[PDB]
């Protein structure tokens, strides 16, 4: 039974050249979960995004990858959330997280956007409501304010990308545990993980 998530959003910038930039880490999670569960994501221009529905341990989970600019991610999330009557507190938003290193991922309930343009827009489009969950996929931090945007929009080197892909995999396993055992159990597992 209880688990509050009805919608998982993986934040992204659109189109083939952005697919493997760090800023798309949330989208990697959603695509992998969707793949393992045999769901083909469908483009729905009415929701400014790619959508699907998975059944996991008899719970319906909607997924969404916006095709907006990252800074307009709330256009998508509010459109789909309004259509399905999903409250902010039932949404989990996967995203790249500067404040964790490659290879680590954490769940979080509420909090600020941290300068993340996607999170920022999401909050505003959901009525200045921060109380959605997050899946924070660590990307490291370049430790110079002026280098942040280029770092986030860049492509990790191969070795670092393996650490990233490992955290994606484990985040997917823990979303599955989320749906079966609940959040405390999912979180207890995810928060001890670090990739090699």
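Numbering follows the first chain given and starts at 1.
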item: Which of 64-72 and 158-166 has higher mean CA B factor, as the PDB entry lists it; value: 158-166
item: Of the residues 174, 183, 9, 25, the one carrying the largest Cα B-factor as recorded; value: 183
item: B-factor third for the C-alpha atom of residue 13 within its chain; value: middle
item: Third of the chain's Cα B-factor distribution that residue 138 belongs to, per the entry; value: lowest
item: CA B-factor ranking of residue 153, expressed as a third of its chain; value: middle
item: For residue 118, the third of its chain into which the C-alpha B factor falls; value: lowest
item: Among modelled residues of the same chain, the CA temperature factor third for residue 89; value: highest
